[PDB]
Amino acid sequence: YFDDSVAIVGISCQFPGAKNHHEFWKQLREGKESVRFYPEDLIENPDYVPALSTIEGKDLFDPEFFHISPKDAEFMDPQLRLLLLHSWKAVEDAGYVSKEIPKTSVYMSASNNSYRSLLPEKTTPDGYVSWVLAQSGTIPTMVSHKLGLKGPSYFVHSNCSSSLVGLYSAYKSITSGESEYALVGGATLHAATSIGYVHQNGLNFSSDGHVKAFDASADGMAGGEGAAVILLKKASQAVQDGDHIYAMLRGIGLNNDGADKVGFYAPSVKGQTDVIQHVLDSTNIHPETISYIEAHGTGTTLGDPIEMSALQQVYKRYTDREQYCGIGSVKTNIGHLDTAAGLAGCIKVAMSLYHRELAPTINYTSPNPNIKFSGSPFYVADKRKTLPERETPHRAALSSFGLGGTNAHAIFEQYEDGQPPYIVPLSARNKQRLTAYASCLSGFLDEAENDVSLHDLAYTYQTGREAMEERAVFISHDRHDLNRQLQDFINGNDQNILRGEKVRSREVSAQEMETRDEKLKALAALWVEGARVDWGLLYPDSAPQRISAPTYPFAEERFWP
């Protein structure tokens, strides 16, 4: 059933308002808009829109982790830096040690932000190195080189639809057997902080800084900045391996509008129609089984009606059922993230399916009077909605239509205990980082909305994280005790915690192999001194499951010209 499917097994993102994807999903469920509203000419201009949707810490990085010099880190634009960080995290989110999954392709997209222009005129050996680090192919290749990945690795771009070209490239590589996994990343991070813009005739930008998708009041888009990477995997293999799967990608297609439209910057109903139709034909998925569509959904006066006209024209070929499929756009929450737009949409879809719930689209009061929702398949999904139990898995589609005419549509599908004590091995590159890890893990235990399985959590840190030089092991019976020990560690009250410094890895010996509580303590002590223990020994008759958990706590050092 899953031969033509790919599993989404890891996510890492950093979007306006949200430091990670779990916080992102929370903010989407709650209807939160993360656009922020606040030089004399501009201040006084009645058409200046005082709005910015960005992430923080574009300048922060941990070059030492990757053996990058401080000088070279400064030569690196923020998109390169954050896509590397997020690639590392996406694999850890999935519960894999990157160097243990070499059969992984890498596809990345980012903006031309002119970062290298910021460097000193004299600078621009430095001239050549900084030029190389500015070339777009350096992004995915740097990921491959630093993570240990050997599949095809390259940059892809189609303006707004870029993320979806990344996703298409992953789909193709994995379904063909070229690779087992793929990383897909997108980031549009400007090399300046420029608050607001001036609303004017020659531009289809919102009059008030809000994206009002599908609304009567929709008068233009607004941009936002962020970074995201996801890890995909051959579906049958993910199921076999017991991975934590957010959702399945069942198919995806691309086209270009060509000449058949009035102008280079215009939208095209015909191009949208045809790519939707192409994806229905390749997947053979019937439009009656789609419960939700994450639209391109930019909130332009001409684009929103065009988008719905294309969907209605195609679905009419298949059905007359009414009001069964919701429509929304994450651009309402965080703006149009350019190269990352398609991945913001994808991550919304995947989390909706994972949580069996739709999140609302926002800034909506009344339907655009040019759009006829009534009596069509579609309603505007302006509330939370539980996805009902039913026999067919729920499916959700996603659109992204780029400036220049390259269109993409994709269809996704929903996919659906030990005994204490539990051993949580943490490690990082140095003591400061390790302490930060404990602090991350503690915050996670406190902030998680639901109870957290220590069986699964421990197994994730055992088998899903690279063992580094600074080590600590926490043996605990329950979450509150584990948190107490983490807080003791954070505070320097270290006395009863197994610790290792400058640890060097080694193969277990025959001698080392020569009660269950005693044995657990012993494995832990071997690991903290560097022995590559077989954590499988903990689980003769339990079956832990890798879960989404805090990922490496990178240093936050500033590099900027």
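For every residue, the number given is its place in the sequence shown, counted from 1.
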Residues of the deposited sequence left unbuilt between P39 and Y38: 10 or more
Deposited residues omitted from coordinates between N112 and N113, as a class: none
Pick between 56-64 and 519-527: the one whose mean CA B-factor in the entry is higher. 519-527
Which is higher on average in the deposited entry, the C-alpha temperature factors of 339-347 or of 205-213? 205-213
Among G226, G443, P120, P78, highest Cα B-factor in the entry goes to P120
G186, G297, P421, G404, ranked by C-alpha B-factor: the highest one: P421
Split into thirds by Cα B-factor across the chain's modelled residues, where does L537 land: lowest, middle or highest? highest
Is the Cα B-factor recorded for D320 in the lowest, middle or highest third of its chain? highest
Looking at the entry's B-factor column for C-alpha atoms only, identify whether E288 ranks in the lowest, middle or highest third of its chain. highest
Sorting by Cα B-factor within the chain, modelled residues only, which third would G464 end up in: lowest, middle or highest? lowest
Of the three thirds of the chain ranked by Cα temperature factor, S194 occupies the highest
